[PDB]
Amino acid sequence: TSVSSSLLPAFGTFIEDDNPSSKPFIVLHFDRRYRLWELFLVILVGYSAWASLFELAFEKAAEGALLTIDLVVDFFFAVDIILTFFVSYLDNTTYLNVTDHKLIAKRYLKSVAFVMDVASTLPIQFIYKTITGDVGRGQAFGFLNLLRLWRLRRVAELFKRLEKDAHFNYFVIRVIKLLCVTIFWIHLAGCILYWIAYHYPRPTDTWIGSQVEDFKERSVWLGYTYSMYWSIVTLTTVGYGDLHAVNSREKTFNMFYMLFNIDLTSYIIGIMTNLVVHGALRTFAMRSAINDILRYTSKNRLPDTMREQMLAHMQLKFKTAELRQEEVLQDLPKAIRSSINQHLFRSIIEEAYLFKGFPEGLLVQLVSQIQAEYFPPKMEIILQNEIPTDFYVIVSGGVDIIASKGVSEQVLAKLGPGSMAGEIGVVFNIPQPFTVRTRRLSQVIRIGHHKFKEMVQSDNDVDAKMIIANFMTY
Amino acid sequence: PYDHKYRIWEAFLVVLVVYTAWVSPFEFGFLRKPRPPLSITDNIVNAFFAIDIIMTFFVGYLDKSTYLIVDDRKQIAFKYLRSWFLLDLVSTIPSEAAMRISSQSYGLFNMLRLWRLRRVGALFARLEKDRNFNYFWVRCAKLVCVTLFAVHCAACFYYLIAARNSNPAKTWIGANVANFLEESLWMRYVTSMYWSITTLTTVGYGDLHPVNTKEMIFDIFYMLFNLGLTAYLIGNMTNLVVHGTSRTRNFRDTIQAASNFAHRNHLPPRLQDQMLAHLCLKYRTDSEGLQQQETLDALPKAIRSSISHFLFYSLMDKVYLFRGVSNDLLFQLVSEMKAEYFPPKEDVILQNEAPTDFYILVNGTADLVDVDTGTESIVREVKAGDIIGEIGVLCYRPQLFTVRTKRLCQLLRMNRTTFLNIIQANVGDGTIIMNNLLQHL
Amino acid sequence: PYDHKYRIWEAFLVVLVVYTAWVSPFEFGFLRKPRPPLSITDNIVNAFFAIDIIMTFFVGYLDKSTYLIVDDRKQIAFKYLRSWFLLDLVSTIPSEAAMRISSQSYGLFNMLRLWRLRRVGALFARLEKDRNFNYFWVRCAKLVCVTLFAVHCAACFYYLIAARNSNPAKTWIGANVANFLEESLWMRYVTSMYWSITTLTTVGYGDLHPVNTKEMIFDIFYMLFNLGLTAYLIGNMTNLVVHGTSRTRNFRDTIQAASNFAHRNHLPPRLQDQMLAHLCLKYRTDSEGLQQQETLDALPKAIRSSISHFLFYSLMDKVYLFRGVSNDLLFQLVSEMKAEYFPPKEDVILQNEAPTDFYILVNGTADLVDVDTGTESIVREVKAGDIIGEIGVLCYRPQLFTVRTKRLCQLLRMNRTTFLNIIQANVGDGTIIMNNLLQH
Amino acid sequence: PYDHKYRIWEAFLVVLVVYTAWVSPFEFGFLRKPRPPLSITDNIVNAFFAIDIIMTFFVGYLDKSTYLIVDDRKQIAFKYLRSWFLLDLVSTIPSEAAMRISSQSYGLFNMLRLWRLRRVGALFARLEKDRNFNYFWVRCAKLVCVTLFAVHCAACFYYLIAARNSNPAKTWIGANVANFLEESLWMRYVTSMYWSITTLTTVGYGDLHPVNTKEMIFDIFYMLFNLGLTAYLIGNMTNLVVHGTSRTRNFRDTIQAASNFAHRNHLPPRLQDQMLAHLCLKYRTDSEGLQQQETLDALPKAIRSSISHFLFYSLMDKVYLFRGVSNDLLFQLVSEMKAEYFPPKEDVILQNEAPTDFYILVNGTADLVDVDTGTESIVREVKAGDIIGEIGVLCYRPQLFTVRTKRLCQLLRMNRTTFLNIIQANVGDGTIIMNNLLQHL
Ligand SMILES: [K+]
Ligand SMILES: [K+]
Ligand SMILES: [K+]
């Protein structure tokens, strides 16, 4: 179950034998054995995108293997065009799994996606070859296999759902997506420029007809190689100067191409800059802290025993500042946060020295309202003479007891996991007559004085002189 | 001074500025005398710009000093006539007359009226400091116009340099085509533009390069300009890349932190998915602007009560607990109620729980199931507008029925202690209890 | 040391440093012996650079260990001598002396004069840390100068390589210009300057490319250098652009999602702009507030005390409590008294909580609002010079009469513990605070 | 393991790597059979790498899971023997045997010796993780090396697919040089390196371009590689520039929004001088140490009171006050003393004020400038380790004399409140007042 499965693993999850959403004659859009099929379809899109431009420009690929190859791709895409009737879909505004065939059908048909896919899937050139005797020709008729570029939306969806999955590197996925869009545009520009040169009258005034005269007679892969080479040398801005624009059509298309290329390449450099800058944002911030420590301890002459007491400490500060970012449930609804808090802290809380013998009502009103903090191994949580707003129940690590005195300080007691601290002040309402400092990376639970007291003496009535009994025992 | 009748207009003089920004340098470069097809469509634009140097006296200018329009006729007159008057006045003298005073000044004259480009500069400064406009496509378009205009005026200067030269066969363009002075203006413009873009972009094929020293000198400065312009472009495209990339990039960090949290504490694999569902829901209903606490908490409750009022007041009296109550207590209630969303099939309230909260439905629906040696005992359902867990709270007995969402619900929450201390006003609690007792009957 | 006359003499030498940075490579490359039009200007410039050598014995230097200008003669002399005196001296020996010493050194000798560029380096290092100068336009003028210098030096070195070649028609410039050793000096300089820009820029038209291996090697190293130089220019521009607007995208999105929500549920226009106003107001009054961390860094309490005195000292004599206590203790109390800003209609001291902060207001309009049984009313609207929240901190009692603002009020906070550990010492005051406190 | 001589030896097999990185591509591309001037040097290197094949048994193998370095003489011999053994072994096989077994392999075979490049990557990993090495000079060198290596391998491959072409005239190099197979290896190598660096830097003059389809495909892939490589280089250079200038940019914002704070106020320029004279000085004593406060305070008070005891203890005990006092009182109050710096000609304690604080000098000097109604005269020369203004605070009389720093010196502040709260905690008040009234003699 859950709305997390459909919206989180990029390739879906394993469906076990008795999922409650499973139904007869339905496949769930988040199933793995589907989000793997619809990746096979993306692998096929990677070929259809290439082939559509290729046989648009080159016009002699049809009389060969590519014509029969894109039929067994116009089949797998016709299988899916009916398979998407038994496919659930996450309903917005009611985050359910619509699973009635009627509603799936009605949402599919009423969308442009259905007619666009039934167009893109139509093998019109094979239709011509079977009705007539051959494809044969066309300066514009070959524009029909440009519909197959509609399939490119699947690659968009894939890259869109790989950049929300956090198991995959975020900027790295953007750089591979940018690399794919580039080598697609290199292909598009190469084929378009070859198309322009192929249908030009008097072919010796083209960009390719000047170098190789009979380019209309050579194997299509010589032409394809020349075009890819040209588009690469003007994409990358090398520009050797052989293979330049000769007539006005090529000049115009070419200066539109290399006008868009400025923005494309500046984009690529921007993406790589952000990748590099963010990937090395924390390592430096940690290094810039070890640096000034060494500078300060070397300008002065501190011994290198108390210079590895500052280095072996700030590591703890980085760790503890990181551990309070793994605090995420500061916004989740209370009805659920008060269940994580339950499962985590009810044991620690109910068998505490003072809470003993409390009814479950106040226990839950407590556990629901607490939140945990962390503390470096030497900071003091509460020092003496403050007015007692808080008192802590430590869950891990330790905390040492000290007081105020003429002498520096004295270590009285060591507190272990599951023990209260600083409660004398918060109970007796007198300012905190003690000081408590940690001795290891420890986790604490704080309780506001006002809310705790108003809660204990108002919500429940069955609480009297047993807290006194236990309080007196100490 | 502010209405549409001065915004469908002042933004109509911007398509007339884009026209002048193409025509003026083209006249400079490629033409020497006012040929017909442009010597009449350039007085039209002059009239339209002459209409505006008078319709700018009857226009209120607002300073932040006055914080509002001025409406003072003489003040507007003297304020306009101070700085942008002589420029706007000369910009619209017809070329056809400025040639009568001194010929050979035609080309250089119709480049004064590039002063009008201040209106495009102004429109962009306006578009950037405004919303409803995708900021990614008003910086990926200002730089594009700067680039196109630079390319254009460079082409038109570099062709003039070659046209005003003796022995045209020693120019940058005469080197390629023997007789370029006998080709269509389309051809020469396309060739100039082609060179200018091959140079701007640093491709540099190598045909169409400088030949003599005037062209070499011009090209030195053109390349020096482009070197800075390209670095400036790459400096901006780095900003626009981290844009809208801060809510899909924090979501990844949120999910990662949640996974680490569930790891360290060894949470069972039932609260982990229950937590991830809510975390994803918070990101879905943030892409829809359905609810943003970070834009509600930021305001003080003295304002943040008016929004909650306008959004829930109408709903808050069609509930049987608050039939007859002075509106002030109702206002205090609707003030301190936090709205929170819930994914489908989740237990906001489960049976035999310590009663602590009570919710009010505003969206969706939900069922009141009960389990007693058996689930699936649907007893009833609730619709947007009813209240749940009220008797369990106001009677301090454990919850009676268990509520599970059936859609993407949204609820208004109020815990017990706040409701109790806010009900400690006058006897209205009597009305409340009277209502709840007559409710079940 | 610092006189305006000296600071303009030093800025006038930079003018001739820019002249040297062009003339030295120019005669290294294009000339083989001193010629009148340039052999007398350089001597003038050497004269000034020689006078500077004798006057840099009469300028004090700021000792970085004790920030004093040393008017001692001998220390100045010896410091200069050790640091760089002979280097500044060979930098001004006239080229006629070198020619009389040995010919064929005129070129390589007046490249030592490029030692003077330390002055322009120091000038830039001095400007980009000044506050009266735009950092953008100053950092851009350095990238421009470095680039122009690199282009010029490469032009001159490349032409030198072509001119010293035995066969002149086997060179990069000799390939196009048949007889370039008889063309003008202006045309030759322009051609080689144009080559080195289609190369630094990476246009590379294709005419004027290397022909033999010496040129290929020079060009290999030049293009290697240019790779790094261009990466460095782009890295500097990307930093001038990105840092200039760093928070604007944060403020923009937190102020735009507000509109998204306010017009996703169709909020009325009258109300939906009060929230945007309060947003764009709170974004200022907190930034302006944390900009008062410059009192935590000017932390020497003989300075921050004088600031916090001048800002609000007359105020602390028109208050209800401190009317007639004393002057001395007032100084130390106001010196531990820090100000805060609050947007309109926010609460500073909510009723019924633990007394911690004694507050004082200087301007703005705040109200003494009271929370009723189930409603809210007011008793008073506190104005300038009046104390709020004093009721409770001196009593240990929970606070009364919650306070709310109407605009920015610029309050003045004094905390509980600080107050009491102040009053325990200096026991001259005590019960006089009360004497005027329980007066009402 | 970590020995001094060992680390020196490993850092010697690295220059031998740098040698192989140049030589193995060079024999791949440019040579067909071993030649003396090189077939004698790459046998030496093979001996020096075979030596390290045996010496890598007697090494201190270290595991990360257990911080102990395994000094066992037989567990290292079973880990190294697992992963990098046959690789490092075949890499040092002399090519004279690989030819004996099969000719036409000398090229592709000794390209295996590129396997000894893991050493360079390991050395760079060790360098950047280190802290004694400027991150600038360690990152801006891994890029130079990978760039030079790419340029070199591209040169050799592009020459190899030209030397093996069945007709040397239709090649990328035979189009310029008639017979390039009869030229010095120096000249051929330079031409190839020149081509490859012209196409990596995107200059692309136009001489030396692909001529047939094999070179075209190689070049397509090479330029695709260069696109990403250059984007990566610009990314790293931007990262270097951003962090390199991050300091000045912060001092500038400090001065900016500390003049602003004086503008949204009306401060007389005199104190607007001392403020900017103290802020700048605060930045010159932070780029140099001695005042790294916002680091020192982020430490626990159990260390921040151990540092400021190692510095100011052997200083404070020499004051004429604190003559006889328990060491622990010293250690206690010295813990709490905020050290601050002062520019010269600055009045720290100007005469006739409230005696609030008292300072102790550690550096610099000043004098007790004595000002009557109208006069300025000085009688004192305070040095390191002397009190000031304490007579005022220990008698609550107004300050005796002005004090003006005559240099730049740092003092220790200790307010009267904290001092009186400390002194009562002990009985040393007796000895303090004793010494103090004794000072009057
Ligand atoms: K280029
Ligand atoms: K180029
Ligand atoms: K070129």
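Convention: sequence-line order gives letters A, B, ...; per-chain numbering from 1. Note: hydrogens, waters and symmetry copies are ignored here, and every other heavy atom, side chains too, is used.
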Using 30° and 60° as the class boundaries, would you call the ring planes of A:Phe391 and A:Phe452 parallel, tilted or perpendicular? perpendicular
In terms of relative ring orientation, are B:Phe358 and B:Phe419 parallel, tilted or perpendicular, with 30° and 60° separating the classes?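 Because their plane-to-plane angle is over 60°, the rings of B:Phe358 and B:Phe419 count as perpendicular.
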If you look at every heavy atom in [X] and [Y], which pair is closest and at what distance?
X        : Y        : result
A:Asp165 : B:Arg252 : O-NH2, 2.7 Å
B:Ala354 : A:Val364 : CB-CG2, 3.6 Å
A:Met455 : A:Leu362 : CG-CD1, 3.9 Å
A:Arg346 : A:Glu360 : NH2-CG, 3.4 Å
A:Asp461 : A:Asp459 : OD1-O, 4.0 Å
B:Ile387 : B:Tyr359 : CG1-O, 3.2 Å

Please check: side-chain N/O of C:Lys338 versus main-chain N/O of C:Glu336, any donor-acceptor pairing under 3.5 Å?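 Pair found, side chain donor or acceptor close to backbone of C:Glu336.
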For B:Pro398, is there any backbone N or O sitting under 3.5 Å from a side-chain donor or acceptor partner on B:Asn352?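 Pair absent, no side-chain N/O of B:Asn352 close to backbone of B:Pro398.
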Does the cation-pi check pass for A:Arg282 over A:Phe318, that is, NZ or CZ under 6.0 Å from the six-membered ring centre and within 45° of its axis?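 Verdict for A:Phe318: no cation-pi partner in A:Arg282.
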Within the 6.0 Å centroid threshold, strictly below: B:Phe342 and B:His278: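 Centroid distance B:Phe342-B:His278: below 6.0 Å, so yes.
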Donor + acceptor pair across side chains of [X], [Y] (<3.5 Å):
X        : Y        : answer
B:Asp253 : A:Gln325 : no
B:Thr356 : A:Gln365 : yes
A:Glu423 : A:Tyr474 : no
C:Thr418 : C:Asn415 : no

All salt bridge (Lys or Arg N to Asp or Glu O under 4.0 Å) counterparts of A:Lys414, not counting sequence neighbours: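 Once residues adjacent in sequence are excluded, the partners of A:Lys414 under the salt bridge (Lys or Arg N to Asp or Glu O under 4.0 Å) criterion are A:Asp400.
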Is there a salt bridge (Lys or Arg N to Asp or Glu O under 4.0 Å) between D:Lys301 and A:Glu380 once you walk through the steps? CA-CA 9 Å; D:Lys301 176 56 84 99; A:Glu380 37 82 60; over 6 Å; no
Please walk me through it: do A:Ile348 and A:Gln443 pass side-chain contact (heavy atoms from CB on, under 4.5 Å)? CA-CA 12 Å; A:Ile348 277 295; A:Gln443 185 170 356; over 6 Å; no
From the options B:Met275, B:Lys282, B:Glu340, B:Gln274, select the one residue that forms a side-chain contact (heavy atoms from CB on, under 4.5 Å) with A:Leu332.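 So the option named by the test is B:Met275.
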Under-4.0 Å salt bridge between B:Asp357 and A:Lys334: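 Looking at A:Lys334 together with B:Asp357, the answer is yes, because their closest N to O distance falls below 4.0 Å.
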Let's go through A:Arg437 and A:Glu409 carefully: what are the C-alpha distance in whole Å and the side-chain angles of both, what is the deciding distance for side-chain contact (heavy atoms from CB on, under 4.5 Å) to 0.1 Å, and is it a yes or a no? CA-CA 12 Å; A:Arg437 85 146 66 82; A:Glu409 241 112 55; 4.3 Å; yes
side-chain contact (heavy atoms from CB on, under 4.5 Å) between A:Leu354 and A:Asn470, intermediate numbers included: CA-CA 6 Å; A:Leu354 176 147; A:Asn470 301 160; 5.8 Å; no
Does the pair B:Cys280 and A:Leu8 meet the rule for a side-chain contact (heavy atoms from CB on, under 4.5 Å), with working shown? CA-CA 8 Å; B:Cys280 307; A:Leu8 263 193; 3.4 Å; yes
